[PDB]
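Beneath this line is the structure, given in structure tokens, with notes to follow.
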There are 2 protein chains.
Amino acid sequence: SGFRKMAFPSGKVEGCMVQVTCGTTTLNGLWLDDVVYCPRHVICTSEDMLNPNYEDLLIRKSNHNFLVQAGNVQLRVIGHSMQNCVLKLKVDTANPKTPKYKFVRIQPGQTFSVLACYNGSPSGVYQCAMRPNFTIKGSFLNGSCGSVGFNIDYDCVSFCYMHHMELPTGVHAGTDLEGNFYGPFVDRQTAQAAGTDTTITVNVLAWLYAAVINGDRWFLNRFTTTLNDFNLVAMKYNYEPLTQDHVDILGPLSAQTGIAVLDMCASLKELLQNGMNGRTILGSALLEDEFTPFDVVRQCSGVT
Amino acid sequence: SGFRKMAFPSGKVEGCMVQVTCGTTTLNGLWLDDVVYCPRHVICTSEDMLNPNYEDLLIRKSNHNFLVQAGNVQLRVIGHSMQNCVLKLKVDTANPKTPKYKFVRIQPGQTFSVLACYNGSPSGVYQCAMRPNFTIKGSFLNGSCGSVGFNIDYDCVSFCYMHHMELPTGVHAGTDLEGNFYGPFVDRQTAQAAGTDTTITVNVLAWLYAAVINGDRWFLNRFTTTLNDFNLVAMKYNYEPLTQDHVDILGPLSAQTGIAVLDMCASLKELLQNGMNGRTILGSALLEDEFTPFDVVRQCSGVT
Ligand SMILES: O=C(Nc1cccnc1)N(CCN1CCOCC1)c1cccc(Cl)c1
Ligand SMILES: O=C(Nc1cccnc1)N(CCN1CCOCC1)c1cccc(Cl)c1
């Protein structure tokens, strides 16, 4: 019992973190096999960020200009290339701690753990979600760029995020491990405003199922609704529309609890319309949307 | 920017987790040097939990009855002893992944990370606080016993908690690594009700300072208060009394923000008396108390 915002164990990713320095700029890199992945803005100074021509800036850099340090030992850079917004630094030594891994591009609404790092050293681990506006609400300071987001399936780490930027509104933007930004963001110090941060409806429902499994049941009501009726309410409250694909993914949670998905939608509809009335659900006074249906089943069943 | 419930990187602790089985009972153990630490109730069956005489149950156990497996390899048990509510299993091999470590007994209000495990395998990591009633609000299922709580200071892991029990109310109880329970709990399947779960005032203030550092400032008011006046309000709302020791510990946060501790107390007093009025602070609709002043400085400065 109990339900917590749980991150994956970070050990497998900690063994991959390195420090990358180019000139006066230092950030984090991810060392997998004989390649170190890092944000391409490591080649810039704060002044270059205004309107950088990365191809032109990169022409002035050689392998020996990229200083890669794993722990306290220096890695030898034997090649460098730019792929989208990341640099790939080929080193002469395969990371002996390279776990089984994949690079995945996640969809909005999906969750992942972040290992925040500074100077190639881990500071902490927390759970995030890719927002519907393609930002993440993280905890990152200057020097945290290159910190990664990931999921783990038994022994395989699926890397999904690399931190690049903080928007003037305090939310974060980054790329997948192929260097493509999530959303419309560009690696430039320019006016980039995020779109509507809508609530991830399917995740809120999964969290309401987690609440019922853990004894928090006050919000269950005598009502039901339809997808179309529920969606009229969801639009009004800036919630993502619920689809039959979302209902299907909630199937195992519905089966475990005996609460039909549309009945849970009617509970959610009343919570949106009436509020919490000073009450809490799983220690929260707001509807939590950064737990996927898979996260709920995983935590509630004890998957290792 | 951004402020998250952040756990320590768990790698150093993941290298210590082992599976301990005695008869039909399997739980987690912590392997440090040549000793495996685990809850003494590994020697019981669910039926024995009603009123166990651990010294008597232990007489029927020999070294070969404790099955210790680290990953997929078996450890040889060459000694066993009981210290309070934990068993210490001496093995013939020192854990090669033993980090620098200490065993500490924490005070209520202090926070720590938990590496939830099942069958000696890590499932996830989350941040907890030792509540003022000596329970923790964790996320633990059957099989999670022996999972540990810890803090890290650069390269030294300070272990502070070992999970033993879930109370009928869904909150958790456990011991320090010397096997002494936090609070009045006993390792028995008996009526054990937790006391008042009061709010950790000094932590709420530290979190309000984190909110100001991150731009959430709507709650700052034109008022001040005194320790005695603030404490009259804190008693009414089941908050822990604030002492001059708490004010002193908030000194660095007060200096960084220029907001006097007693002025922040007056903001907190108005928040307690008036509520949030449907507003949020650092993405929360309630006053968060599981961040210490040290956690705030650490996260806000990027300590690795
Ligand atoms: O957002 C950033 N950093 C940051 C700070 C807080 C939290 N998360 C990230 N930067 C700063 C990068 N510069 C490069 C030159 O040396 C100095 C650092 C940034 C600014 C604009 C576009 C991009 Cl892609 C990145
Ligand atoms: O609380 C417990 N487990 C648990 C479950 C969910 C979350 N956290 C912990 N147990 C069960 C232990 N028994 C021992 C025999 O084999 C079967 C398991 C327990 C019950 C009473 C006193 C103590 Cl110390 C422990």
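A short reminder: the numbers here are calculations on the coordinates, not readings from a lab. Counting neighbours? That spans all protein chains shown, and the Cβs are built from the backbone with ideal geometry, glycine included.
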Local electrostatic count at residue B:281 - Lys and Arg +1, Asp and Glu -1, tallied over other residues with Cβ under 11 Å: 0
Square roots of 5 times each gyration tensor eigenvalue, C-alpha, segment B:198-301, largest first, Å: 18, 16, 13
Gyration tensor (alpha-carbon) shape descriptor, segment B:16-110, a/c threshold 1.5: oblate
Gyration tensor verdict on the protein assembly as shown (Cα atoms; rounded if a/c is under 1.5, prolate if a/b is larger than b/c, oblate otherwise): rounded
Inter-copy spacing of residue A:275 label points, which lie 7 Å from Cα along Cα→Cβ, given in nm from shortest upward: 0.5
Residue A:24 paired with residue B:273, simple spin-label distance in nm, labels 7 Å along Cα-to-beta-carbon: 5.0
Relative contact order %, chain B, counting alpha carbon pairs below 8 Å whose residues are six or more apart: 17
Estimated vicinal HN-Hα couplings, Hz - segment B:106-121 in sequence order (Karplus 6.51, -1.76, 1.60; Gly, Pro = x): 7, 9, x, x, 7, 9, 7, 9, 10, 9, 5, 10, 9, 6, x, 10
Neighbourhood charge, 11 Å Cβ-Cβ cut-off, centred on residue B:91 and excluding it, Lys, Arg +1 and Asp, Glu -1: 0
Under 5 Å, built H, 5+ apart or other chain: amide partners of residue B:157: B:100, B:101, B:102
Under the Karplus curve 6.51 cos²θ - 1.76 cosθ + 1.60, θ = phi - 60°, whole-Hz ³J(HN,Hα) for segment B:203-216, x wherever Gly or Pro sits: 6, 4, 5, 4, 5, 5, 5, 4, 5, 4, 4, 9, x, 7
Cα centroid of segment B:189-219 to Cα centroid of segment B:232-267, whole Å: 12
Number of partner chain Cβ atoms within 10 Å, mean per residue of B:9-17: 5
Förster-model FRET efficiency, 35 Å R0, residue A:93 and residue B:156, C-beta, rounded to 0.05: 0.80
Nearest-0.05 FRET efficiency for residue B:73 and residue A:100, computed from C-beta distance (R0 30 Å): 0.95
Gap separating the Cα centres of segment B:56-71 and segment B:124-170, nearest whole Å: 24
Sites residue A:62 and residue A:191, calculated FRET efficiency, Cβ-Cβ separation with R0 30 Å, nearest 0.05: 0.30
Cα shape, segment B:89-128, gyration tensor, a/c 1.5 rule: oblate
Largest-first principal axis extents, alpha carbons of chain B, Å: 68, 41, 32
Calculated label separations, residue B:76, copies of the chain, 7 Å along the beta-carbon direction, nm: 4.2
Inter-copy spacing of residue B:196 label points, which lie 7 Å from Cα along Cα→Cβ, given in nm from shortest upward: 4.5
For chain B, built as a Gaussian network whose Cα springs stay under 10 Å, the top-fluctuating residue of B:36, B:157, B:73: B:73
Net +/- balance of residues flanking residue B:225 in space, Cβ distance below 15 Å, scoring K and R +1, D and E -1: 0
